[PDB]
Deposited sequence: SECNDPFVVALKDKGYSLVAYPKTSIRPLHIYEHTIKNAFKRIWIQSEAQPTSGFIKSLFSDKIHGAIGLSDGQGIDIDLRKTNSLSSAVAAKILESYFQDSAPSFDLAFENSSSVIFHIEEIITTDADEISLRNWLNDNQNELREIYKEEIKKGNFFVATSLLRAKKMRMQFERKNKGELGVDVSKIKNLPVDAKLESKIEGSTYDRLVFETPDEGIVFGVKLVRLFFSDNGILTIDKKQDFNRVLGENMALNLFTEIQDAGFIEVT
């Protein structure tokens, strides 16, 4: 459980950090939950993952879509494990590349949010429920479907490396073996800065797509309540899904 104010703030709004997107996920798209923090893309025959494609043609609904920090000082070994997990597909090496780094700071700036209207999403699900595909209905009953209701994108992402030894670079780019993204050093002044080129997606908000107790397609846990004007939507967030810390020894 991370204690960094950057991540703690992210879990408050139901966002979960994303590994380097082989897929480049999109808003209002469905993903099946398999194991731990792993997901699988759902393909719906234009074959897509759109949630509107789960229904027929008779849809008269508009889901409101709208396009709208930095970490504490970390030890280099922690920062090494971060990028190891973040780029787990290509398997890069960062072990002793951060030898001259006494502390590292992640910088995630120029944030653009793609936030779908969660209130509109429920009402859209309720009104168009009678048009849901039967083949997808039985799988939705399994409870593993999650709807991406919000995206966190960053135009600028850079890492600051504090020098243990001045005169030597805080990061030794030689020992960066297999990095999927392009990185170059920033202008100097007392510390080294490392920048990564971006067009990306680092955060997603996943809400479970489920049937309530009365059987209504929704994302709200308080669906079957009597409706009051002060009612808040209690989402089934994947950040709320508890994970037993099972360790695996291969």
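Residues of the deposited sequence lacking C-alpha coordinates, counted from 1, fall in the stretches 1, 47-50, 74-80, 202-204, 215-217.
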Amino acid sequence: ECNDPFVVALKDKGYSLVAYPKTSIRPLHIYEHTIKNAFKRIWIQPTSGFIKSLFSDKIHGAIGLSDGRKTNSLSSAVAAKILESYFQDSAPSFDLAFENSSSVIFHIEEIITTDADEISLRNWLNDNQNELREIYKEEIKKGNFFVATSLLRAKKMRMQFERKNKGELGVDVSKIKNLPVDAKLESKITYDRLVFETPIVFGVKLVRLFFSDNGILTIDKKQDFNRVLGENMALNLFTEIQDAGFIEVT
From here on, numbers count along this sequence of modelled residues.
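The mean Cα B-factor in the deposited entry runs higher for 53-61 than for the other of 217-225 and 53-61. With 147-155 and 89-97 compared on mean CA B-factor from the PDB entry, the stretch scoring higher is 89-97. In the deposited coordinates, the residue among 127, 162, 84, 118 with the greatest CA B-factor is 162. When all modelled residues of the chain are sorted by CA temperature factor, residue 43 is found within the highest third. Compared with the other modelled residues of the chain, the Cα B-factor recorded for residue 122 ranks in the lowest third.
Among the modelled residues of the chain, residue 208 sits in the lowest third by CA temperature factor in this PDB entry. In this PDB entry, residue 191 carries a Cα temperature factor that places it within the highest third of its chain's modelled residues. Residue-level temperature factors show residue 2 in the highest third of its chain, judged at the C-alpha atom.
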